Number of protein chains: 2
Amino acid sequence: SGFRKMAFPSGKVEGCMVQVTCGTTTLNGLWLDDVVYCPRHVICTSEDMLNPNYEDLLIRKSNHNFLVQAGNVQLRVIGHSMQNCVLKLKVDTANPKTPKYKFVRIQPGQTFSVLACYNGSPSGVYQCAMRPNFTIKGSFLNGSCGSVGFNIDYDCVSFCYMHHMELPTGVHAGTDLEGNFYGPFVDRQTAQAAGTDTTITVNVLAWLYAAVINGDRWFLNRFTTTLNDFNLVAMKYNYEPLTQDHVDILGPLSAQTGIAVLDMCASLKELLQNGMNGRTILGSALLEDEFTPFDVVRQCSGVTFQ
Amino acid sequence: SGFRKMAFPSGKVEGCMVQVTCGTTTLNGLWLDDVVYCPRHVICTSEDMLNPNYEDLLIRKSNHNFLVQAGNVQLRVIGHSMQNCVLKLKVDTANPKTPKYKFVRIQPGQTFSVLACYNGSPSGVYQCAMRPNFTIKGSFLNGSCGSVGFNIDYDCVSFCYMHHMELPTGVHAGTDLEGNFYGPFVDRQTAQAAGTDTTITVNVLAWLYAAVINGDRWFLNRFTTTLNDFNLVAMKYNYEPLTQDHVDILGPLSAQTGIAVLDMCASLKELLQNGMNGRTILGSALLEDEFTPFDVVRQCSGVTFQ
C-alpha cells in the first residue's frame, strides 16, 4: 500500500541525452540512432529572439557550427534539417544505447515523466501532466531546453514532450518530438500567456479511487448523481466536463472497489461544495488531478518494465 | 522556475537490480560487483514467519537453493553469508554495470529516491524522507522487498535503504544496506507499530525558502522571533525542535533570499497558529516537510550528475 507521485525509471532516456552548443547558446539534445533532436531556438541569438525567421537563420549555418558533446565524446554533425520547431542534427555515430522508442503526441490530461537536464547531464526526474491549457507545471532553469518528457510501456520509450520555454506565470511550454507546440505558443519572444486552466475531472476521480484502494474512505456517501447533474456542478468549480468515455475508462477501478462511477461523482460533488473540513486524502489537502486512471491501476497493481 | 518532488535519475541503480527466489518467496536483490544483497527474510517460509532463528535457517540452506536471475541470465550462487538483516549472495559473475557506490546510514529528516521493483524489474521512482519515527511513507506492494533507496553525488550512488516490510498503518520499514533496521523494528512477525511521528521543522523552513525563490511571498511578515520562543510553538504543534545547527544549515538559503532564518521561523509560527486560510504554497495546502535544505538548493540551482 501507499500512493506516491511516481515517475518511470529514467535509465533508458539518460543514455540518450547530449549537449548541443551553437554560438552562445547551450542546451540539451536527444540522441536516437544517428540523429540528435533539439529545440530550433538554439540557432537564435540574444538579438534574433525578437521575431526570427528560422528558415533564413538555418540556411546561414554550417554543420561545424553545431557542437554536440555526448559525455566526453564530441559528436561530428554531418547534416541538419528542421521539422516544425525542432532541429534534427545528423551525426556520424549511432547511439549504441538507443532504446526501442516511439514519438507520440499526447492529449491534455495525460501524464508523463520529465528527465530534467543541464549540459547533457540529467539532474532529476518527476511526473507532470499536460494541463488543459497545454502548459505543464514543471521545474526548469536556464539550460534545461531540450529535456524530454516520456512514458514507458514494457520495453518501449514513448517520447511525448521536449522543453522550449517558460511563460510569465512560471509554467512551461514545449513541443512534441516532431516539433509541434502543445497549445497556441510560438518560439518567438512576444506577449504570450498561458490562458485559463481547468481541473482534470477524470483524474481527480481516479485519485479518489486510489484513495479507496489505500484505505481512505471518509469522503464516500450513499448518494448518487447523474452525469448531467454532475457536470453542472463541475462547471461551477472550473472542472473539465466528464464524458461517457471518461466514465467507461473509470470502469476497472469502479469494479475493483465496488464504488459505481456515478457514486464517486456524488462524492466529488460534496467535496467541491463542502471542502475537506480539515481532513486529507492520500496526504493531500487539495483535490489532486495529475494521476490518470492508468497511473492508478499501474501503481496499485505493480506493473513493471524492461 | 517551478518546484517539484524530484527524484535522482535511476539509471545507475536500474542496472543493479536482480530477482532472488528461494523456496516459495520471490523478491529483489542488489547486484554490485560479485555480490547480491537482499533481505534475509527471503529464507523464511510462510510458517517460519512467526519467530524465526535466521542463523538456524541459513545453516540449512545450500547455494543452489538461491535462484538469482539478472534479466534473462540466471546467476550461479557460489557462497552466502548474513550481515545483520541482509543476505549477501556471492555470485560467480561481477556486475559490469556496477556504478561507483557507497553504503550510508542516513539520519531521520534526510530524503532519498526509491526505485520500486518487482521480479528484478523497476516499476517507478519517487522521493521519500526518513520520518522522525524511522518509517517511510512509500508505495510498496507484495514483491517489492529488496527495492533500494539512494542518493547520487556527482557520479557516486550512496545506497541508504532497502525495503523489508509494511507496518499496520500502511507505512514502511527497512534497513540500511548493511542490514541494520531503521528504528526499533525487527524482521519477525509480531506486534510492531510505527510510533508517534513529528513534522521535520528544518525541512518545512527549507520549503518556505523554496517558495520565496519561486515567487510565493504571501506568508512573509516583518516580525521575528527567538529560537527559544519558536521552539515553544513548535512543540505545541508536534514539530521537531529547531537546533542552532539547523539554523546554520539554512544559512545559504537565508543569504540568497535576504530573509533571516529567525524571520522565516516567525512566518512558520503564524502559519501554524492561523492556518493557510484558503491559500496555497508551491501548489500545496499543507506545510511540506520532505525537502531538505540541500534538496532546495540543488533544484533551485541546477546541479547535475554523471
# chains A, B, ... in the order shown; residues from 1 in each chain; ligands from 1
call {"tool": "calpha_fit_and_write", "arguments": {"fixed": "chain A", "moving": "chain B", "output": "mmCIF file with C-alpha atoms, in the first residue's frame"}}
result
data_model
loop_
_atom_site.group_PDB
_atom_site.id
_atom_site.type_symbol
_atom_site.label_atom_id
_atom_site.label_comp_id
_atom_site.auth_asym_id
_atom_site.auth_seq_id
_atom_site.Cartn_x
_atom_site.Cartn_y
_atom_site.Cartn_z
ATOM 1 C CA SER B 1 0.000 0.000 0.000
ATOM 2 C CA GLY B 2 0.808 3.731 -0.217
ATOM 3 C CA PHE B 3 0.407 6.152 -3.101
ATOM 4 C CA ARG B 4 3.124 8.424 -4.470
ATOM 5 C CA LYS B 5 3.737 10.615 -7.497
ATOM 6 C CA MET B 6 5.799 8.020 -9.275
ATOM 7 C CA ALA B 7 7.913 8.640 -12.372
ATOM 8 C CA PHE B 8 9.053 5.990 -14.830
ATOM 9 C CA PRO B 9 12.602 4.685 -14.434
ATOM 10 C CA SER B 10 14.781 7.118 -16.367
ATOM 11 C CA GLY B 11 17.725 4.917 -17.400
ATOM 12 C CA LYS B 12 16.631 4.370 -20.997
ATOM 13 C CA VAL B 13 16.364 8.129 -21.541
ATOM 14 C CA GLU B 14 19.523 9.108 -19.633
ATOM 15 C CA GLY B 15 21.587 7.183 -22.169
ATOM 16 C CA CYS B 16 20.229 9.415 -24.940
ATOM 17 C CA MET B 17 20.964 12.868 -23.527
ATOM 18 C CA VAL B 18 23.625 15.069 -25.108
ATOM 19 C CA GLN B 19 24.803 18.681 -25.054
ATOM 20 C CA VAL B 20 24.205 20.870 -28.112
ATOM 21 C CA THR B 21 26.094 24.157 -28.351
ATOM 22 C CA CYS B 22 25.649 26.709 -31.117
ATOM 23 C CA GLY B 23 27.036 30.224 -30.923
ATOM 24 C CA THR B 24 26.464 31.463 -27.372
ATOM 25 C CA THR B 25 23.564 29.092 -26.612
ATOM 26 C CA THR B 26 23.861 25.725 -24.891
ATOM 27 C CA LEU B 27 21.022 23.241 -24.372
ATOM 28 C CA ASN B 28 20.162 19.547 -24.380
ATOM 29 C CA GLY B 29 19.559 17.244 -27.302
ATOM 30 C CA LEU B 30 18.103 13.765 -27.671
ATOM 31 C CA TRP B 31 20.368 11.262 -29.462
ATOM 32 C CA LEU B 32 18.456 8.358 -31.054
ATOM 33 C CA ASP B 33 20.230 6.299 -33.690
ATOM 34 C CA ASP B 34 22.316 8.759 -35.744
ATOM 35 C CA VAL B 35 20.105 11.839 -35.149
ATOM 36 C CA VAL B 36 20.170 14.471 -32.403
ATOM 37 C CA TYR B 37 16.868 16.267 -31.772
ATOM 38 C CA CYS B 38 16.872 19.672 -30.076
ATOM 39 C CA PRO B 39 14.818 22.893 -29.992
ATOM 40 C CA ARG B 40 15.311 25.035 -33.061
ATOM 41 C CA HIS B 41 15.773 28.195 -30.989
ATOM 42 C CA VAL B 42 19.364 27.034 -30.337
ATOM 43 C CA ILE B 43 20.254 28.771 -33.639
ATOM 44 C CA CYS B 44 18.827 32.049 -32.329
ATOM 45 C CA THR B 45 20.998 34.728 -30.763
ATOM 46 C CA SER B 46 20.084 37.095 -27.930
ATOM 47 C CA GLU B 47 19.072 39.725 -30.527
ATOM 48 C CA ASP B 48 17.472 37.282 -33.001
ATOM 49 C CA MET B 49 14.834 36.440 -30.325
ATOM 50 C CA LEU B 50 12.627 39.389 -31.163
ATOM 51 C CA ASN B 51 10.957 37.838 -34.271
ATOM 52 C CA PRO B 52 13.218 35.310 -36.007
ATOM 53 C CA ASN B 53 12.935 33.707 -39.422
ATOM 54 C CA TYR B 54 14.352 30.258 -38.679
ATOM 55 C CA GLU B 55 14.453 29.279 -42.353
ATOM 56 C CA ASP B 56 16.798 32.235 -43.013
ATOM 57 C CA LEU B 57 18.742 31.568 -39.832
ATOM 58 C CA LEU B 58 19.291 27.899 -40.652
ATOM 59 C CA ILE B 59 20.399 28.372 -44.302
ATOM 60 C CA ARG B 60 23.192 30.550 -42.841
ATOM 61 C CA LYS B 61 24.536 27.738 -40.611
ATOM 62 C CA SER B 62 27.200 25.136 -41.374
ATOM 63 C CA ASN B 63 27.357 21.678 -39.772
ATOM 64 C CA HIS B 64 30.564 22.631 -37.930
ATOM 65 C CA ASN B 65 28.706 25.427 -36.112
ATOM 66 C CA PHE B 66 26.847 22.713 -34.138
ATOM 67 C CA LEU B 67 28.917 21.453 -31.213
ATOM 68 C CA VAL B 68 27.476 18.154 -29.946
ATOM 69 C CA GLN B 69 29.027 16.509 -26.886
ATOM 70 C CA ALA B 70 27.903 13.073 -25.689
ATOM 71 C CA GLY B 71 29.576 12.999 -22.312
ATOM 72 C CA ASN B 72 33.286 13.358 -23.055
ATOM 73 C CA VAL B 73 32.997 12.379 -26.728
ATOM 74 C CA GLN B 74 32.337 15.160 -29.195
ATOM 75 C CA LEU B 75 29.908 14.171 -31.989
ATOM 76 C CA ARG B 76 30.507 15.366 -35.546
ATOM 77 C CA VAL B 77 27.468 16.801 -37.334
ATOM 78 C CA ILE B 78 27.183 15.652 -40.962
ATOM 79 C CA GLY B 79 23.826 17.251 -41.819
ATOM 80 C CA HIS B 80 20.983 19.317 -40.361
ATOM 81 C CA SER B 81 17.297 19.791 -41.064
ATOM 82 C CA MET B 82 14.305 21.447 -39.480
ATOM 83 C CA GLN B 83 10.912 19.844 -38.812
ATOM 84 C CA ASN B 84 8.480 22.420 -37.380
ATOM 85 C CA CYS B 85 10.149 23.728 -34.191
ATOM 86 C CA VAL B 86 12.826 21.039 -33.736
ATOM 87 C CA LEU B 87 16.229 20.683 -35.358
ATOM 88 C CA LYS B 88 17.430 17.249 -36.432
ATOM 89 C CA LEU B 89 21.236 17.095 -36.420
ATOM 90 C CA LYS B 90 22.560 14.105 -38.294
ATOM 91 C CA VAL B 91 25.734 12.749 -36.657
ATOM 92 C CA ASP B 92 28.231 10.227 -37.955
ATOM 93 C CA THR B 93 27.778 7.852 -34.958
ATOM 94 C CA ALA B 94 24.608 5.986 -33.992
ATOM 95 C CA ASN B 95 23.788 5.912 -30.283
ATOM 96 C CA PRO B 96 24.542 2.322 -29.127
ATOM 97 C CA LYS B 97 22.269 2.927 -26.134
ATOM 98 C CA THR B 98 19.217 3.795 -28.306
ATOM 99 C CA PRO B 99 16.145 2.174 -26.684
ATOM 100 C CA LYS B 100 13.153 0.920 -28.552
ATOM 101 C CA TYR B 101 11.128 4.098 -28.948
ATOM 102 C CA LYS B 102 8.165 5.926 -30.482
ATOM 103 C CA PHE B 103 7.238 9.617 -30.817
ATOM 104 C CA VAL B 104 3.680 10.273 -29.546
ATOM 105 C CA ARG B 105 1.628 13.435 -29.262
ATOM 106 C CA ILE B 106 -0.405 13.240 -26.055
ATOM 107 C CA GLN B 107 -3.833 14.647 -25.117
ATOM 108 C CA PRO B 108 -4.262 17.152 -22.300
ATOM 109 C CA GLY B 109 -4.928 15.315 -19.076
ATOM 110 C CA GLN B 110 -2.305 12.674 -19.800
ATOM 111 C CA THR B 111 0.770 12.398 -17.588
ATOM 112 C CA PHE B 112 4.438 11.759 -18.294
ATOM 113 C CA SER B 113 7.834 11.731 -16.648
ATOM 114 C CA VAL B 114 10.296 14.576 -17.264
ATOM 115 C CA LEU B 115 14.034 13.963 -17.082
ATOM 116 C CA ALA B 116 15.386 17.446 -16.379
ATOM 117 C CA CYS B 117 18.853 18.016 -17.805
ATOM 118 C CA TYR B 118 21.601 20.611 -17.971
ATOM 119 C CA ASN B 119 24.627 20.435 -20.303
ATOM 120 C CA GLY B 120 23.589 16.950 -21.399
ATOM 121 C CA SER B 121 23.615 15.638 -17.809
ATOM 122 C CA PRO B 122 20.412 14.581 -16.019
ATOM 123 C CA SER B 123 19.525 16.426 -12.824
ATOM 124 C CA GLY B 124 16.273 14.757 -11.721
ATOM 125 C CA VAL B 125 13.070 13.030 -12.731
ATOM 126 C CA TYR B 126 9.494 13.908 -11.864
ATOM 127 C CA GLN B 127 5.926 13.316 -13.038
ATOM 128 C CA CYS B 128 3.904 16.008 -14.937
ATOM 129 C CA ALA B 129 0.501 16.334 -16.558
ATOM 130 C CA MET B 130 -0.346 18.193 -19.749
ATOM 131 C CA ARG B 131 -2.726 20.836 -18.389
ATOM 132 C CA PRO B 132 -5.982 21.511 -20.281
ATOM 133 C CA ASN B 133 -4.383 24.799 -21.383
ATOM 134 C CA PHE B 134 -1.386 22.920 -22.905
ATOM 135 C CA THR B 135 1.159 24.103 -20.361
ATOM 136 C CA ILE B 136 2.937 21.926 -17.845
ATOM 137 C CA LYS B 137 3.791 22.893 -14.276
ATOM 138 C CA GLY B 138 7.444 21.863 -14.350
ATOM 139 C CA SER B 139 10.736 22.689 -12.708
ATOM 140 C CA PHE B 140 13.065 24.223 -15.316
ATOM 141 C CA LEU B 141 16.000 26.649 -15.083
ATOM 142 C CA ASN B 142 18.165 28.220 -17.754
ATOM 143 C CA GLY B 143 19.825 25.496 -19.787
ATOM 144 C CA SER B 144 17.035 22.931 -19.455
ATOM 145 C CA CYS B 145 15.677 23.321 -23.012
ATOM 146 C CA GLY B 146 15.758 20.015 -24.857
ATOM 147 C CA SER B 147 14.893 18.000 -21.716
ATOM 148 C CA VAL B 148 12.205 15.480 -22.690
ATOM 149 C CA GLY B 149 9.051 14.020 -21.217
ATOM 150 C CA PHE B 150 8.208 10.366 -21.788
ATOM 151 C CA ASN B 151 6.193 7.306 -20.868
ATOM 152 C CA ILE B 152 7.400 3.701 -20.887
ATOM 153 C CA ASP B 153 5.363 0.693 -21.991
ATOM 154 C CA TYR B 154 7.096 -2.578 -21.222
ATOM 155 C CA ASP B 155 10.375 -2.006 -23.067
ATOM 156 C CA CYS B 156 9.445 0.931 -25.327
ATOM 157 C CA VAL B 157 10.015 4.627 -24.612
ATOM 158 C CA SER B 158 7.244 6.874 -25.934
ATOM 159 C CA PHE B 159 8.699 10.382 -26.103
ATOM 160 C CA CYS B 160 5.955 12.983 -25.857
ATOM 161 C CA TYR B 161 7.480 16.370 -24.831
ATOM 162 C CA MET B 162 10.559 18.471 -25.363
ATOM 163 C CA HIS B 163 11.117 21.644 -23.352
ATOM 164 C CA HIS B 164 11.368 25.088 -25.010
ATOM 165 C CA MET B 165 10.372 27.968 -22.723
ATOM 166 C CA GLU B 166 8.817 29.369 -19.570
ATOM 167 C CA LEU B 167 5.719 31.562 -19.637
ATOM 168 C CA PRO B 168 5.258 34.632 -17.396
ATOM 169 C CA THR B 169 3.191 32.688 -14.847
ATOM 170 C CA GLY B 170 6.087 30.287 -14.224
ATOM 171 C CA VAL B 171 4.551 27.402 -16.176
ATOM 172 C CA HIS B 172 6.245 25.731 -19.112
ATOM 173 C CA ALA B 173 5.617 25.254 -22.809
ATOM 174 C CA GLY B 174 7.143 22.895 -25.320
ATOM 175 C CA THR B 175 6.607 20.625 -28.306
ATOM 176 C CA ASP B 176 6.163 17.004 -29.223
ATOM 177 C CA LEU B 177 9.277 15.344 -30.618
ATOM 178 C CA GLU B 178 8.181 16.226 -34.151
ATOM 179 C CA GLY B 179 8.379 19.896 -33.111
ATOM 180 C CA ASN B 180 4.709 20.879 -32.976
ATOM 181 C CA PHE B 181 3.987 23.075 -29.954
ATOM 182 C CA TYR B 182 1.413 21.989 -27.472
ATOM 183 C CA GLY B 183 -1.149 24.836 -27.408
ATOM 184 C CA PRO B 184 -1.045 28.171 -29.265
ATOM 185 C CA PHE B 185 2.546 29.008 -28.304
ATOM 186 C CA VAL B 186 5.293 30.023 -30.732
ATOM 187 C CA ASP B 187 9.079 30.030 -30.371
ATOM 188 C CA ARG B 188 9.199 33.804 -30.665
ATOM 189 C CA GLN B 189 9.612 36.279 -27.844
ATOM 190 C CA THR B 190 6.308 38.138 -27.768
ATOM 191 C CA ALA B 191 3.337 38.630 -25.497
ATOM 192 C CA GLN B 192 2.299 35.041 -24.773
ATOM 193 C CA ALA B 193 0.268 33.883 -21.810
ATOM 194 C CA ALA B 194 -0.995 30.505 -20.634
ATOM 195 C CA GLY B 195 -4.721 31.136 -20.651
ATOM 196 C CA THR B 196 -7.364 29.898 -18.240
ATOM 197 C CA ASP B 197 -6.849 26.377 -16.897
ATOM 198 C CA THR B 198 -9.368 23.867 -15.523
ATOM 199 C CA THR B 199 -9.071 20.828 -13.259
ATOM 200 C CA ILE B 200 -8.787 17.396 -14.902
ATOM 201 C CA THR B 201 -12.015 15.837 -13.584
ATOM 202 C CA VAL B 202 -11.498 12.229 -14.697
ATOM 203 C CA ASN B 203 -8.078 12.256 -12.998
ATOM 204 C CA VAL B 204 -9.499 13.532 -9.703
ATOM 205 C CA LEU B 205 -11.943 10.613 -9.756
ATOM 206 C CA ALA B 206 -9.070 8.233 -10.491
ATOM 207 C CA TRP B 207 -7.231 9.575 -7.443
ATOM 208 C CA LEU B 208 -10.296 9.187 -5.231
ATOM 209 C CA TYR B 209 -10.380 5.530 -6.297
ATOM 210 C CA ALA B 210 -6.667 5.301 -5.439
ATOM 211 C CA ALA B 211 -7.614 6.660 -2.016
ATOM 212 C CA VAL B 212 -10.285 3.990 -1.503
ATOM 213 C CA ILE B 213 -7.899 1.222 -2.603
ATOM 214 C CA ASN B 214 -5.446 2.528 0.042
ATOM 215 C CA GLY B 215 -7.988 2.821 2.876
ATOM 216 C CA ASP B 216 -9.141 6.466 2.798
ATOM 217 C CA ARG B 217 -12.930 6.291 2.805
ATOM 218 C CA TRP B 218 -14.158 9.283 4.823
ATOM 219 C CA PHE B 219 -15.356 11.076 1.646
ATOM 220 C CA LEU B 220 -17.712 8.349 0.379
ATOM 221 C CA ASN B 221 -21.508 8.576 0.691
ATOM 222 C CA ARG B 222 -24.648 6.571 -0.211
ATOM 223 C CA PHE B 223 -25.814 9.273 -2.644
ATOM 224 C CA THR B 224 -25.519 9.100 -6.383
ATOM 225 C CA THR B 225 -25.938 11.629 -9.187
ATOM 226 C CA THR B 226 -26.491 11.715 -12.923
ATOM 227 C CA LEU B 227 -23.800 12.576 -15.452
ATOM 228 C CA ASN B 228 -25.711 15.731 -16.388
ATOM 229 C CA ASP B 229 -26.267 16.890 -12.806
ATOM 230 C CA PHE B 230 -22.599 16.212 -12.015
ATOM 231 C CA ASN B 231 -21.388 18.249 -14.994
ATOM 232 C CA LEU B 232 -23.498 21.213 -13.866
ATOM 233 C CA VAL B 233 -21.558 21.209 -10.581
ATOM 234 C CA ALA B 234 -18.213 20.678 -12.304
ATOM 235 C CA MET B 235 -18.652 23.764 -14.458
ATOM 236 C CA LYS B 236 -19.306 25.934 -11.418
ATOM 237 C CA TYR B 237 -15.942 24.931 -9.921
ATOM 238 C CA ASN B 238 -13.944 25.201 -13.168
ATOM 239 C CA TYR B 239 -13.687 21.430 -13.728
ATOM 240 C CA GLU B 240 -13.496 19.718 -17.112
ATOM 241 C CA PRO B 241 -16.726 18.096 -18.298
ATOM 242 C CA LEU B 242 -16.888 14.380 -17.610
ATOM 243 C CA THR B 243 -17.700 12.378 -20.727
ATOM 244 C CA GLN B 244 -19.286 8.968 -21.021
ATOM 245 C CA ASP B 245 -15.903 7.890 -22.368
ATOM 246 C CA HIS B 246 -14.282 9.069 -19.115
ATOM 247 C CA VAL B 247 -16.902 7.032 -17.218
ATOM 248 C CA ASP B 248 -16.033 3.976 -19.301
ATOM 249 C CA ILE B 249 -12.283 4.419 -18.694
ATOM 250 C CA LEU B 250 -13.001 4.504 -14.949
ATOM 251 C CA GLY B 251 -14.657 1.094 -15.294
ATOM 252 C CA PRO B 252 -11.975 -1.244 -13.909
ATOM 253 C CA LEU B 253 -11.351 0.990 -10.883
ATOM 254 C CA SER B 254 -15.099 1.020 -10.252
ATOM 255 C CA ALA B 255 -15.110 -2.776 -10.443
ATOM 256 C CA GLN B 256 -12.138 -3.319 -8.123
ATOM 257 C CA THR B 257 -13.537 -1.015 -5.421
ATOM 258 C CA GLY B 258 -17.266 -1.709 -5.821
ATOM 259 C CA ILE B 259 -17.997 2.049 -5.988
ATOM 260 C CA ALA B 260 -20.060 2.885 -9.079
ATOM 261 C CA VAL B 261 -18.513 5.717 -11.113
ATOM 262 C CA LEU B 262 -21.563 7.939 -10.616
ATOM 263 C CA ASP B 263 -21.387 7.310 -6.870
ATOM 264 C CA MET B 264 -17.796 8.561 -6.841
ATOM 265 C CA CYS B 265 -19.019 11.627 -8.759
ATOM 266 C CA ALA B 266 -21.553 12.284 -5.997
ATOM 267 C CA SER B 267 -18.609 12.163 -3.572
ATOM 268 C CA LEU B 268 -16.545 14.643 -5.587
ATOM 269 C CA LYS B 269 -19.630 16.866 -5.767
ATOM 270 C CA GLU B 270 -19.834 17.055 -1.971
ATOM 271 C CA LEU B 271 -16.068 17.642 -1.699
ATOM 272 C CA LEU B 272 -16.371 20.576 -4.103
ATOM 273 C CA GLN B 273 -19.337 22.085 -2.256
ATOM 274 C CA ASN B 274 -18.145 21.498 1.323
ATOM 275 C CA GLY B 275 -14.367 21.427 1.073
ATOM 276 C CA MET B 276 -12.434 18.849 3.024
ATOM 277 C CA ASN B 277 -13.048 20.322 6.501
ATOM 278 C CA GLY B 278 -9.539 19.865 7.844
ATOM 279 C CA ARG B 279 -9.188 16.314 6.509
ATOM 280 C CA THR B 280 -6.712 14.935 3.969
ATOM 281 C CA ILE B 281 -6.811 12.403 1.156
ATOM 282 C CA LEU B 282 -3.643 10.455 0.372
ATOM 283 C CA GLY B 283 -1.641 13.040 2.306
ATOM 284 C CA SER B 284 -3.143 15.958 0.359
ATOM 285 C CA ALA B 285 -5.385 18.814 1.462
ATOM 286 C CA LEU B 286 -6.265 19.600 -2.173
ATOM 287 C CA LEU B 287 -8.061 17.542 -4.804
ATOM 288 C CA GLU B 288 -5.246 16.060 -6.904
ATOM 289 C CA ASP B 289 -5.580 15.845 -10.680
ATOM 290 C CA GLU B 290 -2.183 14.685 -12.063
ATOM 291 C CA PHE B 291 -2.920 10.906 -11.840
ATOM 292 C CA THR B 292 -4.629 9.193 -14.770
ATOM 293 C CA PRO B 293 -6.836 6.112 -14.387
ATOM 294 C CA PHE B 294 -3.926 4.212 -15.938
ATOM 295 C CA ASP B 295 -1.455 5.655 -13.400
ATOM 296 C CA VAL B 296 -3.631 4.487 -10.514
ATOM 297 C CA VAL B 297 -4.096 0.945 -11.841
ATOM 298 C CA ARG B 298 -0.382 0.738 -12.680
ATOM 299 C CA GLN B 299 0.791 1.738 -9.200
ATOM 300 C CA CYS B 300 -1.896 -0.129 -7.235
ATOM 301 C CA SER B 301 -1.155 -3.359 -9.185
ATOM 302 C CA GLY B 302 2.629 -3.466 -9.698
ATOM 303 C CA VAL B 303 3.288 -3.235 -13.452
ATOM 304 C CA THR B 304 6.999 -3.140 -14.348
ATOM 305 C CA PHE B 305 9.226 -2.585 -17.415
ATOM 306 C CA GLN B 306 12.265 -3.896 -19.219
#
call {"tool": "select_by_dssp", "arguments": {"residues": "region 35-102 of chain A", "states": "helix (DSSP H, G or I)", "output": "number ranges by chain"}}
result
A: 40-43, 48-50, 54-59, 63-65
call {"tool": "select_by_dssp", "arguments": {"residues": "region 61-187 of chain B", "states": "strand (DSSP E)", "output": "MDAnalysis selection string"}}
result
chainID B and resid 67:70 73:75 77:83 86:91 100:103 111:118 121:129 148:153 156:166 172:175
call {"tool": "write_last_selection", "arguments": {"atoms": "C-alpha atoms", "output": "PDB file, in the first residue's frame"}}
result
ATOM      1  CA  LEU B  67      17.775 -18.701  -7.656  1.00  0.00           C
ATOM      2  CA  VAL B  68      19.198 -15.390  -8.909  1.00  0.00           C
ATOM      3  CA  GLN B  69      18.046 -14.032 -12.272  1.00  0.00           C
ATOM      4  CA  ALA B  70      19.599 -10.907 -13.795  1.00  0.00           C
ATOM      5  CA  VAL B  73      20.591 -14.611 -17.374  1.00  0.00           C
ATOM      6  CA  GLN B  74      20.490 -16.842 -14.330  1.00  0.00           C
ATOM      7  CA  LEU B  75      23.306 -16.133 -11.829  1.00  0.00           C
ATOM      8  CA  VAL B  77      25.475 -18.567  -6.278  1.00  0.00           C
ATOM      9  CA  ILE B  78      28.904 -19.690  -5.037  1.00  0.00           C
ATOM     10  CA  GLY B  79      28.579 -18.628  -1.385  1.00  0.00           C
ATOM     11  CA  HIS B  80      26.235 -16.945   1.093  1.00  0.00           C
ATOM     12  CA  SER B  81      26.589 -15.011   4.325  1.00  0.00           C
ATOM     13  CA  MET B  82      24.442 -12.954   6.640  1.00  0.00           C
ATOM     14  CA  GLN B  83      25.222  -9.462   7.955  1.00  0.00           C
ATOM     15  CA  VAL B  86      20.637  -8.727   4.905  1.00  0.00           C
ATOM     16  CA  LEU B  87      21.897 -11.741   2.989  1.00  0.00           C
ATOM     17  CA  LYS B  88      24.984 -11.405   0.809  1.00  0.00           C
ATOM     18  CA  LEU B  89      24.903 -13.944  -2.029  1.00  0.00           C
ATOM     19  CA  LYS B  90      28.256 -14.333  -3.705  1.00  0.00           C
ATOM     20  CA  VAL B  91      27.857 -14.984  -7.447  1.00  0.00           C
ATOM     21  CA  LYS B 100      30.732   3.860  -8.187  1.00  0.00           C
ATOM     22  CA  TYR B 101      28.923   3.453  -4.882  1.00  0.00           C
ATOM     23  CA  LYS B 102      28.912   3.774  -1.091  1.00  0.00           C
ATOM     24  CA  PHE B 103      26.656   2.383   1.660  1.00  0.00           C
ATOM     25  CA  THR B 111      15.473  12.359   1.826  1.00  0.00           C
ATOM     26  CA  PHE B 112      16.253   9.783  -0.843  1.00  0.00           C
ATOM     27  CA  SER B 113      14.922   8.319  -4.058  1.00  0.00           C
ATOM     28  CA  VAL B 114      13.293   4.872  -4.073  1.00  0.00           C
ATOM     29  CA  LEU B 115      13.409   2.700  -7.180  1.00  0.00           C
ATOM     30  CA  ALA B 116      10.437   0.387  -6.654  1.00  0.00           C
ATOM     31  CA  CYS B 117      10.914  -3.033  -8.220  1.00  0.00           C
ATOM     32  CA  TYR B 118       9.118  -6.316  -8.777  1.00  0.00           C
ATOM     33  CA  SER B 121      12.333  -5.121 -12.907  1.00  0.00           C
ATOM     34  CA  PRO B 122      11.916  -1.449 -11.949  1.00  0.00           C
ATOM     35  CA  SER B 123       8.375  -0.094 -11.785  1.00  0.00           C
ATOM     36  CA  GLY B 124       8.879   3.561 -10.803  1.00  0.00           C
ATOM     37  CA  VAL B 125      10.949   6.107  -8.932  1.00  0.00           C
ATOM     38  CA  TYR B 126       9.884   8.583  -6.278  1.00  0.00           C
ATOM     39  CA  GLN B 127      11.308  10.724  -3.477  1.00  0.00           C
ATOM     40  CA  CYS B 128      10.922   9.772   0.250  1.00  0.00           C
ATOM     41  CA  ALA B 129      12.029  11.106   3.613  1.00  0.00           C
ATOM     42  CA  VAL B 148      16.506   0.267  -2.534  1.00  0.00           C
ATOM     43  CA  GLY B 149      16.594   3.942  -1.680  1.00  0.00           C
ATOM     44  CA  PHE B 150      19.563   6.059  -2.723  1.00  0.00           C
ATOM     45  CA  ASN B 151      21.100   9.465  -3.280  1.00  0.00           C
ATOM     46  CA  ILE B 152      23.540  10.434  -6.029  1.00  0.00           C
ATOM     47  CA  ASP B 153      26.507  12.771  -5.630  1.00  0.00           C
ATOM     48  CA  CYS B 156      28.565   8.094  -6.954  1.00  0.00           C
ATOM     49  CA  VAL B 157      25.475   6.220  -5.756  1.00  0.00           C
ATOM     50  CA  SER B 158      25.013   6.309  -1.981  1.00  0.00           C
ATOM     51  CA  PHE B 159      22.651   3.457  -1.123  1.00  0.00           C
ATOM     52  CA  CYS B 160      20.809   4.170   2.110  1.00  0.00           C
ATOM     53  CA  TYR B 161      17.663   1.955   2.315  1.00  0.00           C
ATOM     54  CA  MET B 162      16.456  -1.499   1.426  1.00  0.00           C
ATOM     55  CA  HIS B 163      12.789  -2.426   1.774  1.00  0.00           C
ATOM     56  CA  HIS B 164      11.604  -5.195   4.141  1.00  0.00           C
ATOM     57  CA  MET B 165       8.013  -4.759   5.335  1.00  0.00           C
ATOM     58  CA  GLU B 166       4.840  -2.743   5.769  1.00  0.00           C
ATOM     59  CA  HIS B 172       7.135   1.094   5.522  1.00  0.00           C
ATOM     60  CA  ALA B 173      10.167  -0.166   7.394  1.00  0.00           C
ATOM     61  CA  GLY B 174      13.537  -1.345   6.191  1.00  0.00           C
ATOM     62  CA  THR B 175      17.286  -1.397   6.739  1.00  0.00           C
TER      63      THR B 175
END
